[PDB]
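Just below is one structure, and these are the notes that go with it.
Because the Cβ atoms are built from the backbone with ideal geometry, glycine has one as well, and the counts that use them run over all protein chains shown. Read-outs throughout are calculated quantities, based only on the coordinates presented, and are distinct from any laboratory measurement.
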6 protein chains.
Amino acid sequence: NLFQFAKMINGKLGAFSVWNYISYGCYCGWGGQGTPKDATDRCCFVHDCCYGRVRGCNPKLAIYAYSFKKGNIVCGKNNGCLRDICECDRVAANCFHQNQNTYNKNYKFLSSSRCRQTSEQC
Amino acid sequence: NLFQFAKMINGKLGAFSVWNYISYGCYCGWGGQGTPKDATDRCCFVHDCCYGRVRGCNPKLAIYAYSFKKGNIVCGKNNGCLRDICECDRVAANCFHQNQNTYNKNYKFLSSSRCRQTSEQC
Amino acid sequence: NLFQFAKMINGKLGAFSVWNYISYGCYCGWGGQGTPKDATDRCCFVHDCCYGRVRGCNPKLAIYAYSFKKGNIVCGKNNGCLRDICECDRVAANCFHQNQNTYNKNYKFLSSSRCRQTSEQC
Amino acid sequence: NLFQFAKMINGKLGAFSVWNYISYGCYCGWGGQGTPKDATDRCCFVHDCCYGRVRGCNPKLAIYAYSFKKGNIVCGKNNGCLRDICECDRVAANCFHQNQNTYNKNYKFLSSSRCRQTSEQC
Amino acid sequence: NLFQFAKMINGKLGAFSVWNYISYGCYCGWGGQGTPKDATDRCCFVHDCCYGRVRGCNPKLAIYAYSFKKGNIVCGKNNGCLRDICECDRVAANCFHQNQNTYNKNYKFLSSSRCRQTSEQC
Amino acid sequence: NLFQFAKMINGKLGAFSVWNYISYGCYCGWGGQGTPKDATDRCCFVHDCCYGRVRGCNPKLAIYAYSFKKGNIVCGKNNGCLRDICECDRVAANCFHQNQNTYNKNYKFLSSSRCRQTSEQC
Ligand SMILES: COCCOCCOCCOc1ccc(C(C)(C)CC(C)(C)C)cc1
Ligand SMILES: COCCOCCOCCOc1ccc(C(C)(C)CC(C)(C)C)cc1
Ligand SMILES: COCCOCCOCCOc1ccc(C(C)(C)CC(C)(C)C)cc1
Ligand SMILES: COCCOCCOCCOc1ccc(C(C)(C)CC(C)(C)C)cc1
Ligand SMILES: COCCOCCOCCOc1ccc(C(C)(C)CC(C)(C)C)cc1
Ligand SMILES: COCCOCCOCCOc1ccc(C(C)(C)CC(C)(C)C)cc1
Ligand SMILES: [Ca+2]
Ligand SMILES: [Ca+2]
Ligand SMILES: [Ca+2]
Ligand SMILES: [Ca+2]
Ligand SMILES: [Ca+2]
Ligand SMILES: [Ca+2]
């Protein structure tokens, strides 16, 4: 569930951190095209693709099981797609945290003209 | 008027049904690209194209005349574009109802990466 | 800042005028592709590109200095990107006003199928 | 829950009818004081009272079982609070339908100055 | 209607000014009780009273005729309720302009605890 | 400001916790009258009172300095009103944490009929 994904992100970077990834670069947020603008943006490209490969369930609506163990995300008893979905978010959340140090505020709500490049394939 | 279109859909499938078609597949909702994912999604592709061919009026803002006769949509006294607009929505609404049995919840809020295919032309 | 841009537009065309440019043609609003549908729409294409060329700052979040002198927008003490950003909005706002006489309501919330053309380059 | 209440209303009066009751008279909607303006308003006063008597569950959030039978609302196999909640909703929706011909559009978004009278106890 | 009221305010005070009056003091905005905090607040109390006296039409929804003449608001050829509504709005907007220099930003989103005093009758 | 208040709450109780207090009991959220339903509600009554005593600044908008130290909230070097505001928020957030085990989900979106009792002075 997207709410859970936001939960992981905020649990990893702090309250409201999810908002730093709503419309960032060319792939973080609604839709996605062109080429990733940086590490953080690539995290979203990867996440988008991870979702694209899920079948049998809805990655943004399906509810899975997970938890935090000493500040680290932990996908619990999951089978099939649910397992895949949790894995998609867990990896994306850690990827944001891992690349926090290079987050470029100038990429927030990036201009449409800057993602006109060819859409890298999954 | 989009409110009227939502009226037809809800009148044909039930209260709030319109929300099942707000962001479904690759063409049901804001924007549209790639190739239709199913019958329901093709209904939206057709609807989008039907609008694209309307001239002289705004398909999403223009108000037309219509009504329900024994559970069936009926475009009334319409001339020119208004006639075309009502026809676009009427057909789309019946198309959703006609294909209700194959509606795939997994297509709601479909990942951007799954509509990367070539944009079928109208 | 986008709020400032809306300020210029409304200051030039009247209260709430900004809403006439939120989703107009193929480039006025969120995202932008295909070919401009008219003068007004080209104003937005130009504006989008003007933003795309800004570096070092966020064109939609950065706050610059400006004012109205006898009904005319005036970018004040600005240096670097801020200067560029204000210039982008000032030009766009005047461009809307300049082409008000050809504004086509039928272009508001234009169908996705009507911007399928090749995306003109900046 | 409130969504089910809305479906009851819409199922009895037509798509979007619930909106006719979001801010009507002195009681239809958030808060409520003063003299009811008509039968519809009286029923909103009662609906709130009915919710106020519920214990052990959240009337606006709890999900109960119900359905439509030949156009009439039927509360399903509910026990305890869920049964009371479904009833509150059923009675309120039937009342709106019952009094649809006296519904006065002039009471929509009523000024607070017309709801200052003393308030009756539930 | 309220949109026209907003244009009056913005036309007199500048773009987005209406927002300065959405939740100000004890009366500018939904509900209202207690002692007005200043002239601006007093005028909001009156505006609500003025709407409350209207009969035969919905003050917040009804559309009347008006225009600006040399910076001043002029209510057009309105009869019955529409004339009263336009007046309520005109007087309120002129009052906000009249008292713009005493407008106190500290009264924006005022705590409810400061609006408990007895309330004056319209 | 309110955003800082939300971060305090979320930092003490977890992501999105602030939402548990947007419309809870008779005082947690807009308006407030009647008898508090529990300790949490009592603290909301006080929080509003605390804001109501502030002068010279807008409690909901003013930005103060604060931080977290070993899980505890610390108000920074604030003078005048900013110090009082930070305190109002700190005390309220700590109270919600203190009483999280008595938090009753049945009081979320409480019916107005349960908040009619006389109201205590601040
Ligand atoms: C190409 O697109 C790929 C998506 O990019 C991945 C990055 O996503 C970060 C933002 O994701 C969310 C999370 C939650 C939400 C909702 C609306 C569910 C909740 C909210 C408003 C509390 C953040 C929306 C977007
Ligand atoms: C490529 O895009 C083609 C559009 O897809 C067609 C399917 O449309 C279904 C949803 O359409 C609506 C209908 C109404 C609305 C509004 C916002 C007017 C009303 C609302 C919120 C009550 C549903 C929005 C979208
Ligand atoms: C390709 O896209 C280019 C953008 O098109 C340029 C035209 O922009 C006109 C509309 O721009 C705005 C201005 C302000 C706003 C916000 C949300 C900041 C404020 C609001 C709601 C008050 C209008 C949104 C869009
Ligand atoms: C607080 O209510 C006091 C009593 O009034 C009873 C009349 O209620 C009218 C219907 O109320 C609502 C309000 C909101 C909604 C939500 C927000 C859940 C859904 C929506 C937007 C689809 C209408 C549903 C029903
Ligand atoms: C309920 O009012 C009590 C009396 O207060 C009078 C002061 O009113 C201030 C302006 O009020 C509004 C509120 C909302 C609006 C809407 C939502 C219609 C439009 C918007 C969002 C563009 C401001 C317009 C004017
Ligand atoms: C009016 O308050 C009366 C006293 O109640 C105190 C409890 O307050 C709970 C938290 O209140 C809010 C409300 C809104 C918000 C905003 C809208 C600023 C931010 C949001 C949406 C992220 C929660 C923050 C905190
Ligand atoms: Ca409906
Ligand atoms: Ca009754
Ligand atoms: Ca304006
Ligand atoms: Ca007065
Ligand atoms: Ca959070
Ligand atoms: Ca206390």
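Of all beta-carbon atoms in chain F, the one sitting closest to the axis that brings chain F onto chain C gives F:63, 8, with the distance in whole angstrom. Per-residue mean of foreign Cβ neighbours for E:52-60 is 4 (Cβ atoms of other chains, 10 Å radius). Amide H contacts for residue A:66 (H built 1.01 Å from N in the peptide plane; partners 5 or more residues away or on another chain; cut-off under 5 Å): A:76. Each residue of segment E:106-118 is assigned a 3J(HN,Hα), and the resulting list reads 6, 9, 6, 6, 4, 5, 4, 5, 9, 10, 9, 3, 4 Hz, derived from the Karplus form 6.51 cos²θ - 1.76 cosθ + 1.60 (θ = phi - 60°), x at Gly and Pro.
Panel note: the C-alpha atoms of the protein assembly as shown, placed on their principal axes, show extents of 69, 68, 66 Å (largest first). Based on DSSP H segments of at least four residues, each scored -39500 (n - 2.57), the protein assembly as shown has a per-residue ellipticity at 222 nm of -12000 deg cm²/dmol.
Distances between placed amide hydrogens fall under 5 Å for residue F:108 paired with F:25, all partners being 5 or more residues away or on another chain. As a ratio to 2.2 N^0.38 Å, the alpha-carbon radius of gyration for segment A:73-112 is 1.59.
For residue B:122, the label point sits 7 Å beyond Cα toward Cβ; its separations from the matching points on the remaining copies run 2.8, 2.8, 5.0, 5.4, 5.8 nm, from shortest to longest.
Per residue, the convex hull spanned by the Cα atoms of chain E measures out at 91 cubic angstrom.
Across peptide A:27-34, the mean count of Cβ atoms from other chains lying within 10 Å of each residue's own Cβ comes to 3. Legend: mean number of C-beta atoms from other chains within 10 angstrom of residue C-beta atoms, peptide E:3-16, equals 3. In chain A, Cα pairs under 8 Å separated by at least six residues give a relative contact order of 35 percent. For chain E, the tally of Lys pairs with Cα-Cα distances below 13 Å comes to 4, considering only residues 8 or more apart or on different chains. Remark: label point of residue B:104 defined 7 Å out from Cα along the Cα-Cβ vector; separations to the same position in other copies 3.7, 3.7, 4.8, 5.4, 6.3 nm, ascending.
Using the Cβ-Cβ distance between residue E:38 and residue B:19 with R0 = 35 Å, the FRET efficiency computed as 1/(1 + (r/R0)^6) comes to roughly 0.20. Restricting segment C:72-122 to trypsin sites (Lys or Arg not before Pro) that sit in a DSSP loop and have at most 16 other Cβ atoms within 10 Å of their own Cβ leaves C:77.
Placing a label point 7 Å from Cα along the Cα-to-Cβ axis, residue D:78 is separated from the same position in the other copies by 3.5, 3.9, 4.4, 4.4, 5.8 nm, shortest listed first.
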